[PDB]
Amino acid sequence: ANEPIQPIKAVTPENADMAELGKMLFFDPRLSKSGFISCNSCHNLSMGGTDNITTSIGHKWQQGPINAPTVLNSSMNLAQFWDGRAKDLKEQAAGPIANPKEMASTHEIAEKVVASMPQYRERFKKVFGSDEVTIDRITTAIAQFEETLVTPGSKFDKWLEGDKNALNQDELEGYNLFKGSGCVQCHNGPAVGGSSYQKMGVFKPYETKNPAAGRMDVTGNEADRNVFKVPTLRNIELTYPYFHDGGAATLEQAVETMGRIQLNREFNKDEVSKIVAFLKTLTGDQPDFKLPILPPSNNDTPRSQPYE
């Protein structure tokens, strides 16, 4: 009778220097064509790792196609992106940099930008052995930093570890309903999700104008239409709005929809209130580190093109 959910464990970077280099790159807006957009712009670590809007604002204020997921605990995902088209964090990181709808630069340009700065070259030398800058090393460093973005210490985890007073009566009943109703069928493990692909709209379809088809984009099979990676519910309190289209503005709405179309279960108001209370106890310790200080661009650095 072991719990369907396990505590998140603290992480010690295999390569501290690499994680520091990755941190810097994650906050460097010069990886973008505009010199205005960094990974942190859309995955704000001061706010829970997302941009907290329906879909992401990209280069020249392009309205993105889908809701940006949190990077927090993303190292635990079975694959990356809503349709899992990316195998891991490293592969994922190369995407946004060259995505015309997001950072809109190119791997070639990103390499030249970083390499133009002596302070970055020195770090690549320390970390990789030589001062050569490549998108491969860049994504490897960012990935290492993201591995450290886990959030242990949530009240629920403290309860799981034996602290009976970490949860109040409503929160405990919420968890019991979460488990008893069937939510754990898909939202389980340390991340309370992120370990499989499931249909969004089991008993009834999810109503949305958003055209995303999920896994079908990868397989082309009709059976995969509307099948997405199950999101982690850790820090769900900080990652509103909800669902891939950002269609559910509140947790209550997300829970009611989930109960209704995934379990054919209409929760009453108090039941929803208790589950939501439980979900908020899944918020863990947020990133704790100094604001990164980045090296200045110099006369050799390709200049930003915010309006060009």
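A residue's number is simply how far along the shown sequence it sits, counting from 1.
Stretches compared: 278-286, 35-43. Higher mean C-alpha B-factor in the entry: 278-286.
Stretches 237-245 and 263-271 differ in mean C-alpha B factor, with the higher average recorded for 263-271. Between the residues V114, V71, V127, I142, the entry's highest C-alpha temperature factor is the one at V127. Sort the chain's modelled residues by C-alpha temperature factor and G162 lands in the highest third, per the entry.
Split the chain's modelled residues into thirds by C-alpha temperature factor. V218 is in the highest one.
Annotation for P13: C-alpha temperature factor in the highest third relative to the rest of the modelled chain, per the entry. Per-chain ranking of the deposited C-alpha B factor places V230 in the lowest third. Sort the chain's modelled residues by C-alpha temperature factor and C186 lands in the middle third, per the entry.
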